[PDB]
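*Asks:*
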RNA sequence: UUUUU
RNA sequence: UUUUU
RNA sequence: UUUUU
RNA sequence: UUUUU
RNA sequence: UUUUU
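Residue numbers (the authors' numbering), protein chains in the order written: chain A, 21 to 237; chain A', 21 to 237; chain A'', 21 to 237. A prime marks a further copy of an entry chain.
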């Protein structure tokens with residue numbers, strides 16, 4: 021009975037919204053890598069050297085490298101892929117810039133896969149004492165942890181081993197602001213660089229004030 | 021003689037209300053899973069791997085897993101189904117989110133079946149000493165115990181083995197408020213998470229005050 | 021007459037539920053160690069040094085070590101196994117992390133065996149005056165006491181020497197909350213650690229307030 | 001190792 | 001010299 | 001002039 | 001050895 | 001007599 025979706029006014033209904041909304045899109049936020057671009061990255065890695073038989077596990081090993089040392093432009097992954105010698109993970113880390121993809125965006129795609137292949141063993145990430153995570157939440161001490169809680173990750177058929185607790189998210193939240201601010205004190209509140217604005221100085225006057233005086237630069 | 025139900029005013033009568041009220045619905049409360057959705061869950065389990073011959077007993081075994089460790093999102097069921105190897109109960113526990121069903125809602129559907137297959141033997145649930153249930157009411161020490169007292173459960177032709185006593189309900193009532201409050205003291209009275217509101221702290225100052233001072237946070 | 025378990029709706033019955041439910045599983049809760057993993061731990065101990073003739077008694081001696089000093093990651097068992105010199109129980113305590121098993125989970129497997137080899141003599145655990153257990157319930161003053169009341173323990177053919185009384189469980193319940201809170205006052209309600217959040221301070225302002233003022237941090 | 005309406 | 005789910 | 005695990 | 005929108 | 005990523 022109800023017709024005319026071209027009116028641009030009429031109310032939508034349950035059976036229409038269930039089937040016309042073709043899974044919306046997926047969950048294509050700009051902070052996470054789309055499956056179309058990584059498909060082309062699968063092609064270029066196989067074109068560069070890899071076999072078509074083993075590709076995904078090289079992505080998961082590279083994601084586990086990003087799980088250990090945190091995601092950045094100067095991350096420095098240092099290691100060869102388990103597929104074969106000579107091909108360094110630095111070459112795969114350098115290739116991301118050709119297709120306009122950030123490693124931070126790329127690693128959230130395999131955040132559930134990292135969480136699966138991390139939590140099955142009793143092995144944590146390489147560094148969790150510096151950032152200030154507790155021993156109970158030491159497995160959660162890594163970048164792209166928000167990739168487990170969103171639909172953008174691949175979400176395999178078996179599913180996640182366990183749903184992350186609120187204490188992991190709360191610890192990851194304050195650790196982000198703590199780690200970002202700790203960096204921001206060293207060379208913050210200026211954008212020009214150059215040398216004329218910043219006559220010398222460059223870095224701030226340490227993070228030692230934070231423990232003594234609440235206000236910071 | 022009495023006619024015109026479309027008047028929207030006239031009084032209803034015994035023979036009309038007996039037959040026009042087609043069993044009302046069944047007892048479709050949102051806290052318990054409807055038989056239409058579990059029928060589709062029976063289809064997806066058979067589609068995933070199971071045979072059509074044995075399906076219900078896999079639900080009852082999964083319900084007995086929920087009977088042991090209590091119903092939650094981070095429950096962690098850890099075990100293979102008795103139908104066949106490889107298919108973990110974690111995969112069935114992960115599949116509930118596709119059809120917008122909670123495990124807590126699902127397990128109340130087989131609460132009478134769990135009560136039947138529990139009470140026929142002399143075996144209690146895995147944990148009844150921590151929650152504080154007495155040895156007489158140790159069989160009642162499990163989640164979805166309210167599923168036995170409502171019509172939403174399947175209520176098989178043989179019926180229940182025994183009607184639960186008031187001491188089981190009274191023990192289950194105070195155990196709910198005790199178990200919920202015990203959790204609530206650890207990270208209660210805040211919803212934002214994030215890290216800016218909760219600067220650190222996170223957890224409360226233990227449940228050891230409860231035994232000494234009546235008022236709590 | 022009654023057929024079709026693949027319908028995913030039909031009611032289950034007594035003779036079907038008696039035999040189709042193949043002992044459910046056993047009582048596989050995540051808080052207690054499964055018999056499959058300890059079988060591999062039996063292999064690695066024999067591979068490391070032990071004979072296949074004597075293995076179980078080394079587990080029971082190690083369980084009796086966990087009976088004395090309470091189960092923890094910093095427990096510090098300090099002693100050689102009675103099988104042979106050189107092989108310390110610290111090495112067996114360190115080996116648990118390879119197979120993703122906690123000592124707390126492991127020791128509940130031999131809780132009935134500890135209760136049998138403790139109660140046959142008139143010897144209690146090493147420390148029962150500090151935790152606040154009475155002389156009547158001094159034998160019950162140890163961790164993994166909930167392992168006697170569940171089916172996960174091995175339950176030998178002779179059975180338990182005696183069924184634990186309600187006074188032992190009630191004393192063990194309040195002793196858990198007392199011991200946990202006593203620890204929680206020292207470095208509680210914060211998860212980041214690090215040094216920036218906790219400028220100094222670290223520990224709370226003692227448990228001496230508990231005896232004077234009911235509310236605590 | 002009971003989060004709801 | 002009881003950290004959990 | 002009780003520091004622990 | 002968390003730079004964003 | 002803790003310089004980093």
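Heads up, the beta-carbon is just placed ideally off N, CA and C, and yes, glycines get one too.
1. Since residue 228/A' is in the alpha helix (DSSP H), which residue starts that stretch and which ends it?
2. By the DSSP assignment, the alpha helix (DSSP H) with residue 192/A' in it spans what residues?
3. Here's a check: name, in chain order, each residue in its chain whose Cβ is nearer than 7 Å to the Cβ of residue 103/A', leaving out the five neighbours to either side.
4. I believe residue 89/A' touches residue 50/A'' by the beta-carbon criterion, under 8 Å. Please report the beta-carbon distance rounded to the nearest angstrom.
5. Taking the runs of the alpha helix (DSSP H) that are 4 residues or longer, which of them lie wholly in the region 29–63 of chain A?
6. Closer than 8 Å is the cut-off here; do at least three beta carbon pairs connect the region 128–148 of chain A with the region 93–109 of chain A?
7. Does the pairing of the region 186–195 of chain A'' with the region 122–141 of chain A'' give three or more beta-carbon distances under 8 Å?
8. What's the C-alpha gap between residue 24/A'' and residue 97/A'?
9. With distances taken from CA atoms, which of 157/A', 175/A', 224/A' and 179/A' is nearest residue 192/A'?
10. So residue 209/A'' and residue 230/A' are in contact, right, with Cβ under 8 Å, and what is the actual spacing, rounded?
11. Should residue 211/A'' be flagged as near chain A, meaning a C-beta pair shorter than 8 Å?
12. Who are residue 100/A's beta bridge partners in DSSP?
13. Should residue 218/A be labelled buried (16 or more other beta-carbon atoms within 10 Å of its own) or exposed?
14. In chain A', what lies closer than 9 Å to residue 23/A by C-beta?
15. How far does the alpha helix (DSSP H) with residue 153/A' in it extend, from its first residue to its last?
16. Please list the terminal residues of the continuous alpha helix (DSSP H) segment that includes residue 3/A.
17. Do residue 127/A and residue 163/A count as a contact pair if the criterion is CB distance below 8 Å?
18. CB residue 56/A' to CB residue 121/A', shorter than 8 Å?
19. Judging by CA-CA distance, which residue of 175/A, 117/A and 237/A is the nearest neighbour of residue 64/A?
20. The region 133–152 of chain A: which residues have C-beta closer than 9 Å to a C-beta of chain A'', in chain order?
21. Would you please state the rounded distance, in angstroms, between the beta carbons of residue 205/A' and residue 155/A'? I believe it to be under 8 Å.
22. Give the residues from the region 197–225 of chain A'' that approach chain A closer than 8 Å (Cβ to any Cβ), ordered along the chain.
23. Whole angstroms are fine: how far does the CA of residue 43/A sit from the CA of residue 212/A?
24. So with Cβ pairs under 8 Å, would you call residue 74/A' a contact of chain A''?
25. Leaving out five residues on either side along the sequence, give the residues of the same chain with a beta carbon under 7 Å from the beta carbon of residue 151/A.
26. In this structure, how does DSSP classify residue 214/A' when only helix, strand and coil are distinguished?
27. Can you round the beta-carbon distance between residue 133/A'' and residue 174/A'' to whole angstroms, since I take them to be within the 8 Å contact cut?
28. Suppose you measure from the CA of residue 177/A'' to the CA of residue 136/A''; what does that come to, to the nearest Å?
29. DSSP three-state label for residue 136/A', please.
30. Return no unless some Cβ of chain A' is closer than 8 Å to the Cβ of residue 167/A.
31. Hey, how far is the Cα of residue 66/A' from the Cα of residue 41/A?
32. What number of angstroms, rounded off, separates the C-alpha of residue 123/A' from the C-alpha of residue 234/A''?
33. According to a CB-to-CB cut-off of less than 8 Å, which residues of the region 90–112 of chain A' neighbour chain A?
34. Please confirm if residue 115/A has its CB atom under 8 Å from at least one CB of chain A'.
35. Can you tell which of 21/A'', 129/A'' and 31/A'' has its C-alpha closest to the C-alpha of residue 179/A'?
*Replies:* Taking the geometry as given:
1. 228–232
2. 186–205
3. Taken in chain order, the residues that qualify are 70, 74 and 78.
4. 7 Å
5. 34–40
6. no
7. no
8. Rounded to whole angstroms, the gap between the alpha carbons of residue 24/A'' and residue 97/A' is 27 Å.
9. 157/A'
10. About 16 Å separates the beta carbon of residue 209/A'' from that of residue 230/A', a gap too long to meet the 8 Å contact definition.
11. yes
12. 108/A
13. exposed
14. Within chain A', no residue comes near residue 23/A; the closest Cβ sits about 29 Å away, beyond 9 Å.
15. Here residue 153/A' belongs to no alpha helix (DSSP H), and DSSP marks it neither H nor E.
16. A question about residue 3/A goes unanswered here, because the residues of chain A that appear run from 21 up to 237.
17. yes
18. Not a contact, by the Cβ cut-off of 8 Å.
19. Checking every option, the nearest Cα to that of residue 64/A belongs to 117/A.
20. 140, 141, 142, 149, 150, 151 and 152
21. Not a contact, Cβ separation roughly 27 Å.
22. 211, 212, 213, 214, 215, 216, 217, 219 and 220
23. 44 Å
24. yes
25. 161, 195 and 199
26. coil
27. 6 Å
28. 12 Å
29. helix
30. no
31. Computed Cα separation, rounded: 28 Å.
32. 39 Å
33. 93, 94, 96, 108, 110 and 111
34. no
35. 31/A''
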